[PDB]
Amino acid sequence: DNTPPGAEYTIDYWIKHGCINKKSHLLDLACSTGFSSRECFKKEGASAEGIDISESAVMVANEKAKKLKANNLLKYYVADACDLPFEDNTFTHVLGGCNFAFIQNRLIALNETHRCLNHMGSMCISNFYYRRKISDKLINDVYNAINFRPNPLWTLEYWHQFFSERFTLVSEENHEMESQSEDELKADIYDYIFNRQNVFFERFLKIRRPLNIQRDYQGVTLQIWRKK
């Protein structure tokens, strides 16, 4: 899929509250196949430079840009967020999405994005966060499931602390998530595997169960952060 949490809704939110327009020049951070910037272009005509660690992904992003007749406005490169190949004051906006929860050195990365942003430039975020205290067992379960132990202290306050050193919170919209019933989950997994095997089903279920359970403690925050 390669999209931010909320997909088009998130993009729309960013465009509205981030004030993205045709004059904007966006940094698509960890762009993958370039969905976010491409959507911003299609919707608003904004230009963009995207970076990702995956060469193939970048190539897909570029080809898709080409097919859209927009490769003069949308360009993608292989790079790490911790070391951006762009000059200071290059961008009016950074599309961060949920990527600060996954990139290797997120403060260094944050400082780089800060560097590359224009004066009064905006960071556009869509992060997962924990609204409730979650037991260690479930964290361990998720770690086991997908080899990526999340931090249960990644709350709103934590993110605010993280971003507020170099940025001003301009806008915030929080969406609380909730678990599916085993039946619904199984229905989705089944539907997907069989309409888009048993081994696959069992593996998928095994992996997704804890992720599903985790949702009752989580939320997604959409934020606009202004450079200060």
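The first residue of the sequence shown is number 1, and the count goes up from there.
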item	value
Residue 197 preceded by how many uncoordinated deposited residues after residue 196	10 or more
Given 42-50 and 175-183, the range whose Cα B-factors average higher in the PDB entry	175-183
Mean C-alpha B-factor comparison - 147-155 and 110-118, higher one	147-155
Per the PDB entry, maximal CA B factor within 35, 167, 192, 162	192
Third assignment of residue 25 from its chain's C-alpha B-factors	lowest
Chain third (lowest, middle, highest) by recorded CA B-factor, residue given as residue 3	highest
For residue 220, the third of its chain into which the C-alpha B factor falls	middle
CA B-factor placement of residue 81, once the chain's modelled residues are sorted into thirds	middle
Residue 98 - Cα temperature factor, lowest/middle/highest third of chain	middle
